[PDB]
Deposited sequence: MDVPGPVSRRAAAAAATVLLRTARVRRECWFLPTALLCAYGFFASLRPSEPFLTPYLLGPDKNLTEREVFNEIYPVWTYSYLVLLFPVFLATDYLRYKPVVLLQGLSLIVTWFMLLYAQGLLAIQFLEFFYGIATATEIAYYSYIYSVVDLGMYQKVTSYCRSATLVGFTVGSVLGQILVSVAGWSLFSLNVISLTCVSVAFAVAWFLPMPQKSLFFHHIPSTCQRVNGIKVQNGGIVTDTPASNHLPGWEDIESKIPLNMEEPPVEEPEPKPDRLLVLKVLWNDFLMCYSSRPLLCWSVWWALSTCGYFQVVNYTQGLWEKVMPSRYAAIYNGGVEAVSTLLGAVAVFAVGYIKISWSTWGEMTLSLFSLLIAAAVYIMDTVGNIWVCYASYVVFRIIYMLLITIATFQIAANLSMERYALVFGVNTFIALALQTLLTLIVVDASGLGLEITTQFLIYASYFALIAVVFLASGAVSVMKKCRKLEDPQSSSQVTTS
């Protein structure tokens, strides 16, 4: 099991970033001296902009380069990201840092499609699940390591960032010896039309994309919300346990999603709408309680419900589509998700735009998930009217 074990070791090491938990307290700390206005209005949105603009060329280069060099591109981008996060001041350098984080994250689809051209067709699902679990274990291990090192050990965030850079460098070293994958546009667009030219073919797609949008745009500013509620100047912040338990219970929910004896056509959209309304309630609670432990708990509830929703949505999408287009659909829906996220980010987040405060944009995010709650309910009620006949 050497080729799969090496790949899962690479996933474990690349995903083992103990500093994503403890990021905003470092960025706004004495190490870089960046004000919350500056960070949350110009630094962070560049990640979304870069991820959007680079998802398309990454997707093209992945198939153009036979899926191998994109993994090393991800490793090198992570290495330079974690070096510049050790040594960069000002604003432009950190903006390019988030650009490099974007080019790193845009290649996750490439990393997960690398498996399809090196393994057997029958075992592809099981090895993909194994690698996803490897990434989850890596992130949980990094999260608990950072929490243990910053809570009782009293280790500064600079050394923790050094650990993050060491782990991503080890990931690059592992990736360098990965076995090579030895194994129209109008028509593809016409086939893309056929990807939604049916009753269930269109379904779950835009809701997967829009829920992914909400998740992506709330996870990173949730760090800022925790910083605002509990400042890091003279208080100990327990992020690592929370980013550990969130991923752990998300994996648990992913496992439990397949054990529910429920058919899609019966109440799938109704259950998704209920889950989305619960997500909106959790976001509003996290924004408005003013207590830190309960807002971490509501964040964990968000994580669990989002993982359940994504698992059911991607199960339905995979049932709708063929195995040869898994990467294509998972790329197109992520592309439109980042497009809508960037649109809303220029509307409410970007300093050149309206630049609304972080405590205010979460009121939109709660209403934003309340907005998808209504349309999913309305589309769910649309099937109910058809179910009447």
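Peer 1: In sequence order, what intervals of the deposited sequence carry no C-alpha positions?
Peer 2: Those stretches are 1-30, 214-277, 484-497, listed in order.
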